[PDB]
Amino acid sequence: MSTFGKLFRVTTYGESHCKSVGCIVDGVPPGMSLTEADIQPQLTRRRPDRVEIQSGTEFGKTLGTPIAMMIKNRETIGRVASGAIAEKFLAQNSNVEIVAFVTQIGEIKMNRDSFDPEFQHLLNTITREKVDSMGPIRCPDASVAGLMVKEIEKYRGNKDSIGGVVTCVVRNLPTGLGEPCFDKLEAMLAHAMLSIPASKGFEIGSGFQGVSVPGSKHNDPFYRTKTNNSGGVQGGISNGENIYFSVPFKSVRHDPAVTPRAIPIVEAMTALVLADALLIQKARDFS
C-alpha cells in the first residue's frame, strides 16, 4: 500500500487532479530542528510547489508525533518531502552522505565499472553540488555528459523519449545496518527503488556487470588495493564501506528528462531506507 517503513514510516497521498498531495511521517525522534526550509531544497531539485507542515513540530523542533506535510494541487512529492526529514535525521546522527547522479541516457554510458579506480574515486568524492554544476543532465563525467544531452535532443527532435540509469552512493554509513534474512539492507533498498515510477530494476555493487569477472578478482586484497565490489553490504548488512547502486528508468506519455528528474526521488528513497535501518539497528545495539 502507501505506507513505507517499519520504525521510520511515511504514508503518502495524492493523485494528479485532487485538492492536495502530501504525507504523514511517523517515528521521527523529538527535539530535532525542522521547518519548511529543510524540505524545499530537494523539492526544488525535482525540476533540474510549496509545502506546509501541518503537525508534529512546535517552535521549530519535532515533538515526536506524526508530521503531516501538504502541498496544494499518483505523485512522488510526499516521498521527496519525507526523505528530506530522513536525510536531516541521518546527517545529524551520523554524517551520512547520499548522492545520486545520471550514468546513462539512451545508448550513452558513463563507465561505472566497480574495478575501475576512477569510478571508485568518483564514488568517494562526488557531491550534490558537483552533480548539479554539470547542468540539468546531472552526469559528472564530461567525456559523456554532452553526448547524453545530444542523445536527449536527438529524441526530443523525433517527438520521442528515452530512458537512463541513476547511480547512487552513500558514504559514512555505520556498520550493522540491515535485517537478514529477508530484510537485508540491499533488499530494503531494492524494494524502495522498484517502487519509483518508471523504475525497471536495481543492482548493488558489482551488479550485472561483475557476473563477467571471476570470484578471485572480486575478493583478492590486490588487483593496488581491492575495490569496493560488494557495494557496502556483507551478509545483508552494511560493512561501513560505501553503498552504491544503480536503477534503470523507462521513458514512457513521453519525457525524456525522466532520468535526471529521478535523482531526488532516488535520494529520498535511499534516506527513508537508511533512517529506518538505523533505528532498527539501534533497537538491538542497546539489547
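Throughout, we count residues from 1 along the sequence that is shown.
- Going from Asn73 to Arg74, the model skips 10 or more deposited residues, which lack coordinates.
- Unmodelled residues of the deposited sequence between neighbouring positions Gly236 and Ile237 number none; the chain is continuous.
- Relative to one another, 7 to 15 and 271 to 279 have unequal mean CA B-factors, and 7 to 15 is the one with the higher figure.
- When the C-alpha B-factors of 166 to 174 and 88 to 96 are averaged, 88 to 96 comes out higher.
- The maximum CA B-factor among the listed residues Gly215, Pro180, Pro117, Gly205, taken from the PDB record, is found at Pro117.
- If you compare the C-alpha temperature factors of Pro29, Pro260, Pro248, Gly232 in the entry, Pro29 comes out highest.
- The entry lists a Cα temperature factor for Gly201 that places it in the lowest third of the chain's modelled residues.
- In this PDB entry, the Cα temperature factor of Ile265 sits in the bottom third of its chain's modelled residues, the lowest group.
- Per-chain ranking of the deposited C-alpha B factor places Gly135 in the highest third.
- Among all modelled residues in this chain, the alpha-carbon of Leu122 has a temperature factor (C-alpha) in the middle third.
- Ranked against the other modelled residues of its chain, the C-alpha B-factor of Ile77 as given in the entry falls in the highest third.
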